[PDB]
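Form deposited in one PDB entry, single chain, as structure tokens, below.
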């Protein structure tokens, strides 16, 4: 796990969260798996239907799933979302809710992508990575690949644990895209390192 230091919330802080749209099913599932973080981190997510929430969540279809890093949400205008879930519906399984709700709420806590960990040096087969992401279903450009995959953060701007391949913040990496046989599977729950690291970041 790795957190951008400048995006960290004050420890023990209660973060207001607003849900805008979504079915009762999707909404309850978002809250259910978001509050999973509070079992290990000294951070509370307060889901509200009142006031001006610090975290604002939408469900705009096709817009992808994302979130701003921690307190970056403060810079965002009140008429915009800080977090969006792009593919949920009333047929979404618990495994999928767990995999991406926890992950985007990990971003909301200040955590980056684990494949961009400051201690890592993942053996990308760069040409094959470019080739795959250039086509369906991502259609990414060179700037997209270089910034979202290849680039890593620095140890100076981040508070980090050891590189964790099982982290909820680690994207799947196929052995077909590496030069090493190295591969990362599908992580859909909080890893042991996750629970430990987010505890050191927001300790009790």
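Residue numbers count along the first chain shown, from 1. Definition used throughout: the rigid core is the maximal C-alpha set that superposes within 1.5 Å between two forms.
Comparing the deposited coordinates for 82-90 and 121-129, the stretch with the larger average C-alpha B-factor is 121-129. Averaged over Cα atoms, the B-factor as recorded in the entry is higher for 135-143 than for the other of 164-172 and 135-143. Each of 23, 193, 186, 13 has a CA temperature factor in the record; the biggest one is found at 186.
You'll see in the entry that, of 32, 178, 54, 67, the Cα B factor peaks at 178.
In the deposited entry, the Cα temperature factor of residue 8 places it in the lowest third of its chain's modelled residues. In the deposited entry, the Cα temperature factor of residue 42 sits in the middle third of values across the chain's modelled residues.
Ranked by C-alpha B-factor against the other modelled residues of its chain, residue 154 falls in the highest third. Among all modelled residues in its chain, residue 28 ranks in the lowest third by Cα B-factor.
Not on display, but discussed next: the form deposited in another entry.
Just one of 44, 138, 28, 60 moves its Cα by 2 Å or more between the shown form and the other one on a rigid core overlay, and this residue is 138. After superposing the rigid core, the C-alpha of residue 121 moves by 2 Å or more between the shown form and the other one. Put the two forms on the same core and the Cα of residue 183 is off by 2 Å or more between the shown form and the other one. Residue displacement note: residue 69 has its CA displaced by under 2 Å between the shown form and the other one (rigid core superposed). A decrease of at least 3 Å in the separation of the C-alpha atoms of residue 66 and residue 138 is found in the other entry, compared with the displayed form. In the other entry, the Cα positions of residue 166 and residue 133 lie at least 3 Å farther from each other than in the form displayed.
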